[PDB]
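Novice: Once you've seen the sequence and the experimental structure below, I've got questions.
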Protein chains: 2
Amino acid sequence: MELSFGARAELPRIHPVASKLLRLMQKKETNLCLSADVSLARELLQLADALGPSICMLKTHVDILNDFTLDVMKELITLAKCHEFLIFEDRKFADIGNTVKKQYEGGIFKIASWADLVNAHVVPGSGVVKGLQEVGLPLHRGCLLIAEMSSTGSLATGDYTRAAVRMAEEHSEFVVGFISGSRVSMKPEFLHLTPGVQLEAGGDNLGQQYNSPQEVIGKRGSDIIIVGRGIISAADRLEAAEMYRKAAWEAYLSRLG
Amino acid sequence: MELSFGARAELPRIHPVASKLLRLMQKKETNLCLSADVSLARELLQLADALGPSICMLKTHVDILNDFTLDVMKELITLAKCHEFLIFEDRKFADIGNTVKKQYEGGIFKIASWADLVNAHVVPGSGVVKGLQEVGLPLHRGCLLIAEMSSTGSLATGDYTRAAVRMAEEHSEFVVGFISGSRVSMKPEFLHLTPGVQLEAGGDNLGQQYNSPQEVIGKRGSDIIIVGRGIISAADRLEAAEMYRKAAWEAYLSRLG
Ligand SMILES: O=c1[nH]c(=O)c2[nH+]cn([C@@H]3O[C@H](COP(=O)(O)O)[C@@H](O)[C@H]3O)c2[nH]1
Ligand SMILES: O=c1[nH]c(=O)c2[nH+]cn([C@@H]3O[C@H](COP(=O)(O)O)[C@@H](O)[C@H]3O)c2[nH]1
Ligand code: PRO
Ligand code: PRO
């Protein structure tokens, strides 16, 4: 009784942001999230424009953009609306609730004003979610909880992962899913997004480890692949994005049967 | 064989940043870190100037400063040098190594350029430290690892805390200590800094829980108290800082015997 993305978008308990995402995934035949890990606004925007049709989501690290301004994020929103993808700021909120609400709403980045999705580590306990949701619920935003990590030595295992799932399922008015290496929740309303993905085997020299789209979508049951360098470092980033999209989409179709 | 702060500053394996901190703690009779949780640069700087003589450290959240510029941080450095305190950016790095090195060096905040200390969560595994130290070692900086958290539901317990201690003790050329609620390492070269501190019992409505300076320095064996609202929300922040300084300093003296 695995449902398609389009049917999951209609589930009774679906969050509106998840529904919007699932609908555009189905419409565009993409379950690829581009990790736009660049330092220049122009490169960010040129990638978003060219790759927008191929992606369901663009994941940012706003704090590595040397020339960040709120206008850049307005331009990114225009592209997200045009090409139909969500913006996910990979901020990894990880503080007490009182602090994260200010980090989400305020400062120079004003993340909540432009990010459809953010993520949080669960290590502080559920106050991290409660603090974020005070800003994010009124702004109709969603959050992803980090249930597992791709890096060598990750401590997000075992009871830690189980705690992340419980925290999500108790905050389902705001939490729409997980960053994880596999399916961690059996509830189909929750999205599973998986980083540490490349077509070829390997890793990096700072603890990143890679698995293929077929492995993480098809065997491990995740929904969306998050891909940075496998695309970004390629010469033709559009063709690279298409190869990752086709890989992740077929793996989804073949699991769905 | 508990050593004074001044003697710890001379230990063979001490990190230079820890040594500088311990020396100024001893000189100024302060083991108070102000958590300068404000949104205005002028308030940040006015607090740093007035409270500088009373503190060993000023902890920032640069990402909640509505009017951040690098010039503000230059002015903060002037005050830190004048009054003799270290600047700790409480960024809670918590990503893979390749990402955190860019978040530490780059973007609009250029944290490594002005922060003596930063901190990191250990959940990604030791690549988080390796990535930071690539930037921080050449810049003669130090890092604190989050071994425990003060908030309700914290998952930084048990084997997670032990993993943080091991990670610190294997990266001692860069890691100078811990954020923790108590002493977690028996090695006197490592600093223990404890948030969740107020003179009165209680908490906040988003999971913060408080213990007193006497409890965390005197019974729990920590070195430094980190205090935000207990000072910041008081009318006279200078007198409040002095009350916290005297509390933490006496608790240290009485444990030292
Ligand atoms: O929440 C997360 N949990 C993880 O386990 C994880 N692994 C990688 N990352 C982030 O994803 C991107 C990976 O980029 P690459 O494809 O270039 O290695 C980069 O932007 C990384 O910061 C993670 N984020
Ligand atoms: O690394 C950390 N581990 C913790 O357990 C913890 N508890 C509180 N905080 C931070 O410290 C400050 C506490 O501020 P208050 O005194 O106002 O509650 C605020 O700036 C908080 O962000 C922590 N940081
Ligand atoms: O028509 C559609 O696209 C959706 C998919 C599931 C049922 N209705
Ligand atoms: O003279 C001092 O201040 C240091 C303290 C320990 C021994 N020497």
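Specialist: Sure thing, it's come through. Numbers count the residues shown, from 1 in each chain, chains lettered A, B, ... in the order given. Ligands and ions are numbered 1, 2, ... in the order given.
Novice: can you give me the strands in the stretch 1-150 of chain A?
Specialist: A:32-35, A:57-60, A:86-93, A:117-121, A:142-146 (DSSP state E, counting those that start in this stretch).
Novice: so which of those comes closest to residue A:24?
Specialist: Relative to residue A:24, the nearest member of the strands of the stretch 1-150 of chain A by C-beta to C-beta is strand A:86-93, separated by 7.8 Å. The way it works is simple: take the backbone N, C-alpha and C, and place the C-beta from them, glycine included.
Novice: Going by neighbour count, which residues in stretch A:13-31 are buried?
Specialist: A:14-15, A:17-26, A:28-31 (16 or more other C-beta atoms under 10 Å in any protein chain shown).
Novice: what's the farthest-apart pair in those residues?
Specialist: Spanning the widest gap among the buried residues of stretch A:13-31 are A:15 and A:29, at 22.3 Å by C-beta to C-beta.
Novice: buried set for the helix or strand where residue A:248 lies?
Specialist: Taking DSSP states H and E as the criterion, residue A:248 maps to helix A:237-256. By neighbour count, with 16+ other C-beta under 10 Å as the criterion, the buried positions of helix A:237-256 are A:237, A:240-245, A:247-249, A:251-252.
Novice: who in chain A is up against ligand 2?
Specialist: By C-beta under 6 Å from any ligand atom, the residues of chain A that approach ligand 2 are A:95-96, A:99.
Novice: which strands and helices sit next to the helix holding residue A:248?
Specialist: The contact analysis (3 or more C-beta pairs under 8 Å, 6 or more residues apart in numbering or on different chains; DSSP states H and E) places helix A:237-256 against strand A:32-35, helix A:41-51, helix A:213, strand A:224-227, helix A:229-232.
Novice: ok and it relative to helix A:41-51, angle-wise?
Specialist: 50 degrees (axes from the mean of the first three to the mean of the last three C-alpha atoms, to 10 degrees).
Novice: Render the CA-only coordinates of helix A:237-256 in CSV, please.
Specialist: Provided in CSV are the C-alpha atoms of helix A:237-256 (Å, rounded to 0.1, in the frame of the first residue of the first chain):
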residue,chain,number,x,y,z
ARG,A,237,25.5,20.9,-14.3
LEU,A,238,22.2,20.7,-16.3
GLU,A,239,23.1,17.3,-17.8
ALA,A,240,24.4,16.2,-14.4
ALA,A,241,21.1,17.2,-12.7
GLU,A,242,19.1,15.3,-15.4
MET,A,243,21.2,12.2,-14.7
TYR,A,244,20.5,12.4,-11.0
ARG,A,245,16.8,13.2,-11.6
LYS,A,246,16.3,10.2,-13.9
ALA,A,247,18.1,7.9,-11.5
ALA,A,248,16.1,9.0,-8.4
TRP,A,249,12.8,9.0,-10.3
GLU,A,250,13.2,5.5,-11.8
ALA,A,251,14.3,4.2,-8.5
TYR,A,252,11.1,5.6,-7.0
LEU,A,253,8.9,4.2,-9.8
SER,A,254,10.4,0.7,-9.5
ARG,A,255,9.9,0.6,-5.8
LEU,A,256,6.3,1.7,-6.3
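Novice: Contacts for it, please.
Specialist: A:2, A:4-5, A:29-32, A:34, A:47, A:50-51, A:54-55, A:197, A:199, A:212-214, A:217-218, A:221, A:223-225, A:227, A:230-231, A:234 (C-beta atoms under 8 Å, 6 or more residues apart in numbering or on different chains).
Novice: Could you give the number of residues near the closest residue to ligand 3 within the stretch 51-200 of chain A?
Specialist: Closest residue of the stretch 51-200 of chain A to ligand 3, C-beta to the nearest ligand atom: residue A:188 (12.7 Å). Residues near residue A:188, counting by other C-beta atoms under 10 Å in any protein chain shown, number 18.
Novice: same check, this time on residue A:7
Specialist: Neighbours around residue A:7, by other C-beta under 10 Å: 12.
Novice: Please state the backbone phi and psi of residue A:138?
Specialist: phi -60, psi -30 (degrees, to the nearest 10).
Novice: How about residue A:38: what's its closest non-neighbour residue?
Specialist: Nearest residue to residue A:38 in three dimensions, chain neighbours excluded: residue A:44, at 5.3 Å (C-beta to C-beta, 6 or more residues apart in numbering or on different chains).
Novice: Pretty sure that neighbour sits against residue A:64.
Specialist: No. Contact criterion C-beta atoms under 8 Å: residue A:44 and residue A:64 do not qualify, at 10.1 Å.
Novice: Which neighbours do those two have in common?
Specialist: Common neighbours of residue A:44 and residue A:64 (C-beta under 8 Å, 6+ apart) are residue A:38.
Novice: wait, what's in contact with residue A:167?
Specialist: A:122, A:126, A:129, A:145, A:175.
Novice: ok, of the residues you listed, which come out buried?
Specialist: Looks like the contacts of residue A:167 have A:122, A:126, A:129, A:145, A:175 buried, using 16+ other C-beta under 10 Å.
Novice: my guess is the third one meets residue A:143, correct?
Specialist: What it means is residue A:129. Yes. Using C-beta under 8 Å, residue A:129 is in contact with residue A:143, at 6.7 Å.
Novice: can you list residues touching both of these two?
Specialist: What both residue A:129 and residue A:143 touch, as defined by C-beta under 8 Å, 6+ apart, is the set A:120, A:171, A:174-175.
Novice: okay, the residues you listed in TSV with secondary structure next?
Specialist: As requested, those are exported to TSV (DSSP: H, G, I helix; E, B strand; the rest coil):
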residue	secondary structure
A:120	strand
A:171	coil
A:174	coil
A:175	strand
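Novice: if you skip the residues just before and after it, what's nearest to whichever residue of chain A sits closest to ligand 2?
Specialist: Here the residue of chain A nearest ligand 2 is residue A:99; by C-beta to the nearest ligand atom that distance is 3.6 Å. Closest residue to residue A:99 apart from its sequence neighbours, by C-beta to C-beta, 6+ apart: residue B:61 at 6.4 Å.
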